[PDB]
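Top line first, the protein sequences correspond to chains Z and P.
Take the first sequence: its letters are residues 315 to 736, numbered as in the numbering used here.
Take the second sequence: its letters are residues 315 to 736, numbered as in the numbering used here.
Please read the structure below before turning to the comments.
Number of protein chains: 2
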Amino acid sequence: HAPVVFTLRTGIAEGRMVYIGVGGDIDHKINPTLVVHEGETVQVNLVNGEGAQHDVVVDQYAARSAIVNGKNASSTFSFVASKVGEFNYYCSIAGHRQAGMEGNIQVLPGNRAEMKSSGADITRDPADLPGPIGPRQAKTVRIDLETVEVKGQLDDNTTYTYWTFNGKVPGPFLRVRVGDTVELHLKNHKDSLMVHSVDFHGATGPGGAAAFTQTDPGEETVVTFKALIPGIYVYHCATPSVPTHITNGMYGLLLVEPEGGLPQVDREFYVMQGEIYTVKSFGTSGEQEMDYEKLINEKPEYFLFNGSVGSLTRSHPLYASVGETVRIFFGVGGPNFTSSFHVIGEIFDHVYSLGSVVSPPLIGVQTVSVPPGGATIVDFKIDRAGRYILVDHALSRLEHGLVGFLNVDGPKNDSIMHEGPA
Amino acid sequence: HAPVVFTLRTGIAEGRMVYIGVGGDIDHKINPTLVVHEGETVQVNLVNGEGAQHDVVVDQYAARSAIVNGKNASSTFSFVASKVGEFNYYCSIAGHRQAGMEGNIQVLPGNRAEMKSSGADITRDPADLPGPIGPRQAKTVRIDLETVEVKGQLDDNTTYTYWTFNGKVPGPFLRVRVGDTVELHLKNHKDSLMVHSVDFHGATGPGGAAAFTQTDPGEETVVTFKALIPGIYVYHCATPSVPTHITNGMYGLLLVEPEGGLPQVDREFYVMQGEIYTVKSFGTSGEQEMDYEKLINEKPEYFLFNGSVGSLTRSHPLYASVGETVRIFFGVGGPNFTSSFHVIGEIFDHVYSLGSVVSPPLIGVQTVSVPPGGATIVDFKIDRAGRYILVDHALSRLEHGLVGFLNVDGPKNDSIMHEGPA
Ligand SMILES: [Cu+2]
Ligand SMILES: [Cu+2]
Ligand SMILES: [Cu+2]
Ligand SMILES: [Cu+2]
Ligand SMILES: [Cu+2]
Ligand SMILES: [Cu+2]
Ligand SMILES: [K+]
Ligand SMILES: [K+]
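The following block contains the structure:
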């Protein structure tokens, strides 16, 4: 899947010079055992804790970090765990392994267990959206939203109180045609602590409907509005604190299609990016809580596609076939960060700049900047097989949970790309 | 002389696990060279700084500390530096010597250089007192005292602002007879910042004379008083802050002889103990300053015989001959600590309890408690040769500067004490 990441700081613990695990299953453990599965790419982050000179060397794998001299100095490295077995990792600096700097890597056969937690699955499946609208004239379309607060799985062994539309993140993908009148019914579940509401960027008028949809727990609110302008629009809860309702999960997409629909495509996907601001650092397991200082000061701990870590890699990856033309509806709930959306190994044939559906799309684009509260549409033909990788190209975000897979079967080598010379 | 003491704390410095010097000529130096002279007793104090397991081993002397496990854990040890040359000291814990824990001891030939500093010598020679008074009739005795503030030598390469009677610590030994009338002329030097005065414990009347002797810089004060009761009395400055004037050096002894005089003795000595409360720890060099918090909370850094570190060891030890009956007039200026006065290798034949010169002295006593603002007289016959050692037997004080020598020349072995069986 994605690399398994372990973080080690050096220091003095239990009477010796040692490595100490940070986060995951190794948190605060001295010389922790790093357990890994055959064929995984293993990444190790070494951070210098006390200021002596260190490295990490993996015995038999020829893998090592750079040497790290001062306090905080850091070195990151990886290796493919291709041989089952036990392998020491140790510091090669004179005396250090003897002083105590040594632990084990266990390469186990088989595949890593699925992620588990005591929380609900809150992920939107990227194939979970309505298809192109049929050959219909304009009508009144009824849409139902329900606002629900739920303990959700954020990561392996890690949970969070999400606030959602209809129990998943992003909310339901709404699809209407320009000229439609939308009759929106918003129920706020009676267990909710908060009032919830909705602001559609595709709606015209007070709060984009928020003025009409502030709904108490157990109540229902109804609003009707005309869809006047085609485009791909974000919607989100708009009860103060708005950035808090958004970071907790309350965002979704609304497509107002042009009269004759968007160009036809073999397959469509639904993806949104957001942030979560937890008291504890990324990778720390257990029950997570919002940290308001991190929220207001724009210091995220998690960056997420569709609600959770591994949402689009392990739980609900994207799948297509070679020769298919694919469309991604991509939006940023945020609340704060502009995404530099890229599919590793592919090129966008068409990009609907700033989510404009009326203007001609741009042609042949690697990466598209998408602001919080903004959406685009990207289309591309898949020419050949591979695992394509959805990322925000601010690539430090990879290591905060932001990565998605698009799986396409077929041969490794072909005329489009192959090993060896031409 | 006394042992030469080196303190080493363990830590991470300059990128390695090392020893770091504390105080003396080695302060903050990584793996300091400990320079020593042939025949010196070398004491090494090891304090664990960071919490890894440590010792110190001295390579060819086979002297070592105990192992020290947690932060602050300490071990102290010594060896006689009997061979000239260069010797490694190192940590024997696996990996630590390679990690950086090693330095040198240089044993040099010859004798350690004399103590020096930019300060004046403020020490009172312990032979510097008037001898027994005649068989006179009572009379009027004129005493002159001058109060001077002077930068004095506190230790090798270390200085302090002393406040003194007549430029030394303790002030002059005053010696009169019961029935005498003392006419005191107290001059306060014109460069003094402070007013100074004097309170005599052998004086009867307001402030022990202090009400008559508050003396401005540049001025003189004169007071006449009767000496009504024989005894050995402390006197000291009595200007607020009194414990401040006392700690800075303003204390002395006044002997009021009984009518018949004290028992005749071959030799008499003058010794007083006091404390100094410096901002930096004992053993740190440079210009020292008074720390008021340490003074008022009774946390001394220096404990001193006659003014200074090495006053009665290197500067002017006591000297006597075998078979002499010797008398020490011993007083405690303080300001705060009770002394447990003891001469190692000898026994007090007579102790004048609480400074009483009228009651029969106690017989055959090892150690005498002498409160601050109190004095005694001890007499003993010196039966054989040796270096006798004046101590406050609260023996941690040895390391805060409190030690004197009484040097008696002659054969090491005799019928009173000798090596080997009887
Ligand atoms: Cu190391
Ligand atoms: Cu809400
Ligand atoms: Cu908005
Ligand atoms: Cu050590
Ligand atoms: Cu004074
Ligand atoms: Cu007094
Ligand atoms: K393509
Ligand atoms: K004796």
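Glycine is no exception: its CB is placed at the ideal position from the N, C-alpha and C atoms.
- Counted as a single uninterrupted DSSP element, the stretch harbouring P:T437 is not any alpha helix (DSSP H), since DSSP gives it neither H nor E.
- For Z:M331, the chain P residues whose Cβ falls inside 8 Å of its Cβ are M331, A366, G409 and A413, in order along the chain.
- Between Z:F643 and Z:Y547, the C-beta gap is not smaller than 8 Å, which leaves the two residues out of contact.
- For P:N480, the closest Cβ of chain Z is not nearer than 8 Å.
- Per DSSP, reduced to three states, the secondary structure at Z:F619 is strand.
- Counting of Cβ neighbours within 10 angstroms places Z:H732 among the exposed residues, the total staying below 16.
- Boundaries of the beta strand (DSSP E) around Z:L704: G700 to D706.
- When 8 Å is used as the limit between beta carbons, Z:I326 is near these residues of chain P: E364, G365 and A366, in chain order.
- Here the alpha carbons of P:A525 and P:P685 stand approximately 24 Å from one another.
- Non-local C-beta neighbours of P:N362 in its own chain, meaning closer than 8 Å and more than five positions away in sequence, comprise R323, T324, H368, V382, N383, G384, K385, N386, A387 and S388, ordered along the chain.
- Contact of Z:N383 with chain P is assigned, a C-beta pair being separated by under 8 Å.
- Using a cutoff of 7 Å, the CB of P:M331 does not count as near ligand 1, since none of the ligand's heavy atoms is closer than that.
- Remark: the shortest separation between the CB of P:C405 and any heavy atom of ligand 5 does not fall under 7 Å.
- Here the segment 440–458 of chain P lies against the segment 494–502 of chain P, with 3 or more beta-carbon pairs under 8 Å apart.
- As the crow flies, the alpha-carbon of P:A376 is around 28 Å from that of Z:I407.
- Going down the chain, each residue whose beta-carbon is closer than 6 Å to a heavy atom of ligand 6 shows up: P:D513, P:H515, P:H550 and P:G687.
- Within the DSSP bridge table, the entry for Z:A408 names no partner.
- C-alpha of Z:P557 to C-alpha of Z:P649: approximately 5 Å in a straight line.
- Taking one beta carbon from each stretch, the segment 604–623 of chain Z and the segment 709–718 of chain Z have 3 or more pairs nearer than 8 Å; the two touch.
- By the 16-neighbour rule on beta-carbons within 10 angstroms, P:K482 is buried.
- Cβ contact annotation for Z:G645 (same chain, cutoff 6 Å, sequence separation greater than five): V548, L567, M586 and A689, in chain order.
- Here the distance from the Cβ of P:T558 to the nearest heavy atom of ligand 4 is not below 7 Å.
- Exclusion of the five residues before and after Z:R378 leaves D369, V370, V371, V372, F391 and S406 as the residues of its chain whose Cβ lies within less than 8 Å of its Cβ.
- Taking the Cα of P:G600 as reference, the smallest distance to any Cα among P:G338, P:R330 and P:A316 is reached at P:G338.
- Per DSSP, Z:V496 is one residue of the beta strand (DSSP E) stretching across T495 to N502.
- Note on geometry: alpha-carbon atoms of P:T538 and P:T495 lie some 7 Å from one another.
- Put simply, the segment 630–644 of chain Z touches the segment 696–707 of chain Z. At least three CB pairs are less than 8 Å apart.
- Distances from the alpha-carbon of Z:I658 to those of Z:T437, Z:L468 and Z:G700 put Z:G700 closest.
- Here the alpha carbons of Z:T652 and Z:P631 stand approximately 23 Å from one another.
- The beta carbons of P:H351 and P:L422 sit about 5 Å from each other, so the pair counts as a contact at 8 Å.
- About 6 Å separates the beta carbon of P:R330 from that of Z:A366, a gap short enough to meet the 8 Å contact definition.
- Judged by DSSP secondary structure, P:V556 falls outside any beta strand (DSSP E) and instead within the alpha helix (DSSP H) spanning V556 to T561.
- The beta-carbon separation of P:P544 and P:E571, rounded to 6 Å, stays under the 8 Å limit for a contact.
- The beta carbons of P:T553 and P:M508 sit about 7 Å from each other, so the pair counts as a contact at 8 Å.
- Proximity to P:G647 across P:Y565, P:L348, P:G516 and P:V349 peaks at P:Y565, based on C-alpha coordinates.
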